[PDB]
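S.K.: before the rest arrives, take these chains from my complex:
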Amino acid sequence: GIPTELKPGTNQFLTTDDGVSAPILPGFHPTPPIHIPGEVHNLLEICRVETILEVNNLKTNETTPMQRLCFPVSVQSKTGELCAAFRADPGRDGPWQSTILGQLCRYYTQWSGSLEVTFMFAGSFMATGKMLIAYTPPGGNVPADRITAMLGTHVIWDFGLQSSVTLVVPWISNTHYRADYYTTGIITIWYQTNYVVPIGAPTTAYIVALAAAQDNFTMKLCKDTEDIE
Amino acid sequence: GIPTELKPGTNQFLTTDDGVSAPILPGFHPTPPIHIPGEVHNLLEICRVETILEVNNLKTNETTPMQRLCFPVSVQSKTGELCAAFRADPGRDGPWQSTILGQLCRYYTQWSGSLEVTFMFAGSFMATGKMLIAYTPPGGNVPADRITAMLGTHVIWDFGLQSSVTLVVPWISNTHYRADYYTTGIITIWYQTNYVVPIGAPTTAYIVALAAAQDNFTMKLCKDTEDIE
Amino acid sequence: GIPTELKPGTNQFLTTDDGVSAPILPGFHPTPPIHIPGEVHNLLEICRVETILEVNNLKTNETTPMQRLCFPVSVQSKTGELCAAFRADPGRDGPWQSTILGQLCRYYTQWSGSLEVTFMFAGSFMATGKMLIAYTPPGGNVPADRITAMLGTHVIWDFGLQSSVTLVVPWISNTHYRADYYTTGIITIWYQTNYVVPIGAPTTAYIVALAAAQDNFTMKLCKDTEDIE
Amino acid sequence: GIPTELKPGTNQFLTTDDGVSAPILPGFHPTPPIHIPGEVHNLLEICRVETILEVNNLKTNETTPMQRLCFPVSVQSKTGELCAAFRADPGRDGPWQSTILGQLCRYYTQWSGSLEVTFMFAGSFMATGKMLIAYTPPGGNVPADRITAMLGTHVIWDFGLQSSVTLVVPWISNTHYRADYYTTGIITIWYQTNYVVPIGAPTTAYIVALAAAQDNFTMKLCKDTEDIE
């Protein structure tokens, strides 16, 4: 016979070894496949899909969760006051947990790329006004007033002209540190002008926030989530 | 020597593994083969052969089984009355158990294709009349009267003209469900006209039913039968 | 290393396995061969050689075995009487055991082919007469008289003309059955004429029988003999 | 299966065997590399770098080690007297231990090649004088006076002209013997002239010694050092 020498690692079962096992049923011809639309090949295909951000994730909402899907604007708000704010942390807890992206991020250890957040205005066709959207880069001081936010990366959104507007988070990474000191970029929504509306129209309307990863987004190192029990 | 690593599955005996064993008698030259007509290569060759259906499988027959091989028609029967009925269930119990097809179906788990049932009339050459053969598609209501059966897939058979006629079950599948709700297609034989005969001829004749699978018939997943003990 | 899986049959020693073992003395160069006439390659070469049949295997011979090598003819014998008889059963007990062929047949399980038996006459050059040799095919009734033997396959041998004559058993097979019913072909030697001799010559002479397998003879399935102890 | 025979050495783990093991994480794509200047490929690249010799390794220095990095010359010294002396023994204890070369030599068993020692003069730009550097070949008597040293391989160094001078140890080997009798080449620094200086300049200056292996230097047979604990 052929002189062989068993080397270390013989007889071991590695749950990640990718070998070939004996077919239990050699004579069986599995039912052949047909065409089913919507086949997915890579999870990133799913991450590029906009899902709803629960920006309005208040403790008082928990019992009427349907209200977390959108936040509001109103006439009472004065020009220049802060409307809402949240950071762009897909993996971490918070608004992003509701998105398909943030849920899949938990299934991985590292990730990086651009993100795009879309804002949709639902109020009466008769309403008009301007909101100021601002992205404060990582390791930056959250804007104090409307005027400072304006000096940074921002977008004046006139919902009297566009019912929707999209912002792009240029770049994110994620590093675990703990037992803080970390801080990723911060989106802040400001009232540039107050909410203007004629007689006969609701004086309180809602904004819906959707988000998704762009093409350059990628992830590595799998790890089962902690989202279930 | 050659560095090898034994992988999981070493030393196991799989009754379905298809390996090569050492020839017990290496010097032996087995007697060479000759030509024997009728070599069979695939069981389906056998399934395409018409065998006799025991349509007349009555509890009162059991002691004189030879009578199950054929059912009868007579003068007493009135025009339009139901003569016989059975479904096209090769694998299941019933008339099909007598056929070579139904016996081989038990040796498998799944099957599908077309079937063809042939009816032969044995009565006196002097007899004439018309029988109506009808196939009621799967999940269909068995014909109530001759007239409704006529509206479905049917064949007016005049045994005064043709001593034999063949019907084709377009398509069958089989799904186990149980402990009903399943129902495959139903062949129904009706008296279109009464049995006509002159003086001197038997007033009771018999029909013989033969059946076989067509070419598109196929089976998969072997399993030892329950027909023996 | 190379992923391998030990299959059933590992570690077994099959006395008929034909493998390769490690040379006990790798540096040794065995004495080279020279030419020795008479090299044998196949046992059948030996079977084609005529050896002496002990046709005269009487219980009264055992103490003077040299007499089994030949039987006799004499003047006392009357025209038409049976001289000797034996069957063509190489493997079985009897006259054939003395031949090299019958001895080698015991070393095998099956065999078939033609055989040739030669008869040699040793008496005085002055003697003359005719003997009738007859082969009675397998499953045939042994000749009752000279006349019937003559109607079957036979040879009129005039030892006044030929000192030797050869007969050919067309075909033999062998089937074990037992604990008869089997019977292979039967050679019968008859006196066609009486033994004629002048004054001065011995009135009793001997015939020697030699036999061998022809070219079409072959054997299969080895098995140690029962000839030794 | 394939007939194999396990040979001696099966199941052994040799700490120096260079095999291939199963990748613990087959789906992982390690972060790709980028360019980092200063990649090292062979330790000899480091050995060709001049490092400081602690020629002034006195027992009285130990508490002010910074003084071992350089030895001195002064006016008090008379023409012809010995300034310093040490041998060219990279691996062994002594001045060479401070060099990167001598430290790496301990990580090996054998070595051989040329070495180059550089001497740098740090005193006032106004000082002048001549030092005599001499290499006494292996198995040679260390020079007794300046005059004999001059007859051997030497270099008259005028630090009034050159602030630095380099000497080349032609060849070294190393052989362990012990429990001496071994002796490698000996560098001796002599005062050819006394230290000359004008009014206003320090009357004591220092020499710094740097050394490195040349290109032909090579080492073999690794062995963990004894420099740590």
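M.R.: Cool, got the structure. Numbering: from 1, shown residues only, chains lettered A, B, ... in the order given.

S.K.: how about chain A: which residue is closest to chain D?
M.R.: Minimum separation of chain A from chain D (CB to the nearest CB) falls at residue A:1, amounting to 3.8 Å. Heads up, the C-betas are built off the backbone N, CA and C, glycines and all.

S.K.: which residues touch residue A:172?
M.R.: With contacts defined as CB atoms under 8 Å, 6 or more residues apart in numbering or on different chains, the neighbours of residue A:172 are A:88, A:90, A:111-115, A:138, A:184-185.

S.K.: got phi/psi on it?
M.R.: When read as degrees, to the nearest 10, the backbone of residue A:172 gives phi -130, psi 150.

S.K.: picking that back up, and the residue of chain A closest to chain D, what does it touch?
M.R.: For residue A:1, the contact set (CB under 8 Å, 6+ apart) comprises C:19-20, D:2-5.

S.K.: from the residues you listed, list the ones also adjacent to chain A.
M.R.: Contacts with chain A are made by C:19-20, D:2-5 out of the contacts of residue A:1, judged by CB under 8 Å from any CB of the partner chain.

S.K.: tell me where chain A has helices.
M.R.: Remark: helices of chain A, listed N- to C-terminal, are A:44-47, A:100-105, A:146-151; assignment by DSSP state H.

S.K.: so residue A:202 makes contact with residue A:122?
M.R.: No. With contacts defined as CB atoms under 8 Å, residue A:202 does not count as touching residue A:122, sitting 10.0 Å away.

S.K.: list buried residues within the contacts of residue A:172.
M.R.: Among the contacts of residue A:172, the ones that count as buried by 16 or more other CB atoms under 10 Å in any protein chain shown are A:88, A:90, A:111, A:113, A:115, A:138, A:184-185.

S.K.: how about residue A:21: what's its closest non-neighbour residue?
M.R.: With CB to CB, 6 or more residues apart in numbering or on different chains as the measure, residue B:9 is the residue that lies nearest to residue A:21, at 5.9 Å, once sequence neighbours are left out.

S.K.: meant to ask about residue A:19, not that
M.R.: On the basis of CB to CB, 6+ apart, the spatially nearest residue to residue A:19 that is not a chain neighbour turns out to be residue B:7, at 5.4 Å.

S.K.: following sequence is chain E, place it on the structure:
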Amino acid sequence: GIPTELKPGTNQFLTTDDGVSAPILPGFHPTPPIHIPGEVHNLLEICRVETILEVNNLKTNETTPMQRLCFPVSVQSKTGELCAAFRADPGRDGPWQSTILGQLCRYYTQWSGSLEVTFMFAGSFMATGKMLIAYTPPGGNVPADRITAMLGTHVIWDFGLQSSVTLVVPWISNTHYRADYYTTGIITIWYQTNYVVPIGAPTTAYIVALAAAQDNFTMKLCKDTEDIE
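M.R.: Once chain E is put in with the chains from before, the structure reads:
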């Protein structure tokens, strides 16, 4: 993995198996070789070298062994008398044990070829005379007198003309038999003429015997000797 089957001989260590083992030090580059004159490739190179035969191996010599290296001739010896005698048995005990050939023969089991024995005369340049050398073939009667030896293979050696002469043993083999009956060829040295010498020259001189195997000499089957303890 690859289906393999361990065959008999697995896990065995055969001291003569010629396999490949793992290099204990894979990174080590052994010191390279240089040219050393006198490399030997085959032991037969050594066997072709003449070494001194201890023909004069007397029991009385043992305490002054230097005398075994040569035997003598003298004036007292009468014309025709036997001078010395020994056989050509390299492997066996006796004179041949002193030769390099006989010592190496013990390291083997079989051998065969030609041998050549050289005789050298050391006496005074003034001496003359003739010696008769005779080889008595294996299985031959040792010569009784000078005259019979002369009739066989012989050489008349006149040491007044040639100071040396060489004899060739045409062929030897060796067969162990024992617990004689064996006998290989016998060299016999005779005095053809007496030793002649003038006044002033020694009346006793010595002959030195050297022997070696020729080119056709070869050996097979190694076996450790019995020459040491």
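
S.K.: ok chain E is in now, so what about the contacts of residue A:1?
M.R.: For residue A:1, counting by CB under 8 Å, 6+ apart, the contacting residues are C:19-20, D:2-5, E:6-7, E:9-10.

S.K.: now, of those residues, which are buried?
M.R.: Taking 16+ other CB under 10 Å as the criterion, what is buried in the contacts of residue A:1 is D:3-5, E:6-7, E:9-10.

S.K.: quick one: the contacts of residue A:1 as CSV, columns for distance to residue A:62 too.
M.R.: Putting the contacts of residue A:1 into CSV (distance: CB to CB, whole Å) gives the following:
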residue, distance to residue A:62
C:19, 76
C:20, 78
D:2, 66
D:3, 71
D:4, 67
D:5, 71
E:6, 66
E:7, 72
E:9, 75
E:10, 69
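
S.K.: run the chain-centre distance for stretch A:141-154.
M.R.: 23 Å (CA atoms, centre = their mean, to the nearest Å).

S.K.: hmm, who's touching that stretch?
M.R.: By CB under 8 Å, 6+ apart, the list of residues contacting stretch A:141-154 from outside reads A:79-81, A:85, A:132-137, A:140, A:186, A:188, A:190-192.

S.K.: restricted to strands, list those.
M.R.: When DSSP state E is applied, those are split such that A:85, A:132-136, A:186, A:188, A:190-191 fall in strands.

S.K.: buried residues, stretch A:94-113. List them.
M.R.: Neighbour counts using 16+ other CB under 10 Å place A:94-106, A:108, A:111, A:113 of stretch A:94-113 among the buried residues.

S.K.: which among these gets closest to chain B?
M.R.: Ranking the buried residues of stretch A:94-113 by separation from chain B, with CB to the nearest CB as the measure, puts residue A:108 on top at 28.5 Å.

S.K.: what residues of stretch A:207-216 count as buried?
M.R.: Along stretch A:207-216, the positions that meet the burial threshold by neighbour count (16+ other CB under 10 Å) are A:207-213.

S.K.: for that stretch, give me every contacting residue.
M.R.: Under the contact criterion CB under 8 Å, 6+ apart, stretch A:207-216 has outside partners A:44, A:47-53, A:55, A:69-73, A:90, A:95-96, A:99, A:101, A:113-122, A:131, A:168, A:189.
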